[PDB]
């Protein structure tokens, strides 16, 4: 049984490192869907730390605006500029895209040559929700193949790292293994094919 733990909205040297420290503690691989505006010298080392530690990096656009009503040119720029900074610092180039706000359109699908991922959410953008509540939301929703959508970076309180102290041991004890998005597709025998114009919340679709 496989799940993919994924984290939006970073990198942030402070907040992302809290998540990476938990993943090191448990020896767990994950995927970070990063925002191009935030990827710069200052954050180069933490981006590279992701790669170095077996994590995957995907594309969450240049900024924090919904993209569904954007023009082809606007979409193209946002996605390309993000890929370029990721390549510069990480040495990789993304295979997956997570639309801002999970908002899609035919135009968005037509103009992004990446596999679109969504996933199970856990209310972890709501600072009043506790570590235990975030963990309960994940643990009760997962099944074999789930993509779990968390945030490494949000306004605080943001006890998502602490939620991982429950999520990771609980799902391991239930027979799950944690994989990157690329690994999830590969191990399930599903080609990573950006010609698929559908959003994956799990693998297989």
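Numbering follows the first chain given and starts at 1.
Query raised in the report: Mean C-alpha B-factor higher for 172-180, or for 57-65?
Result: The recorded data point to 172-180.
Query raised in the report: Which is higher in the entry, the mean Cα B factor of 18-26 or that of 189-197?
Result: Between 189-197 and 18-26, it is 189-197.
Report task. Go through 130, 78, 93, 123 one by one and give the residue whose Cα B-factor in the PDB entry is largest. Result -> Within the set 130, 78, 93, 123, 93 shows the top C-alpha B-factor.
Query raised in the report: If you rank every modelled residue in this chain by C-alpha B factor, which third holds residue 147: lowest, middle or highest?
Result: Lowest third - that is where residue 147 ends up once the chain's C-alpha B-factors are sorted.
Query raised in the report: Going by the entry, which third of its chain does the Cα temperature factor of residue 166 land in?
Result: It belongs to the middle third of the chain when residues are ordered by C-alpha B-factor.
Requested in this report: Divide the modelled residues of the chain into thirds by Cα B-factor and specify which third, lowest, middle or highest, holds residue 157.
Outcome: Residue 157: CA B-factor falls in the middle third of its chain.
Report task. Would you mind checking where the Cα B-factor of residue 37 ranks among the modelled residues of its chain, as the lowest, middle or highest third? Result -> For residue 37, whose C-alpha B-factor we compare with every modelled residue in the chain, the answer is the middle third.
Query raised in the report: Against its chain's modelled residues, does residue 135's Cα B factor rank lowest, middle or highest third?
Result: As the PDB entry reports it, the C-alpha B-factor of residue 135 lands in the lowest third of its chain.
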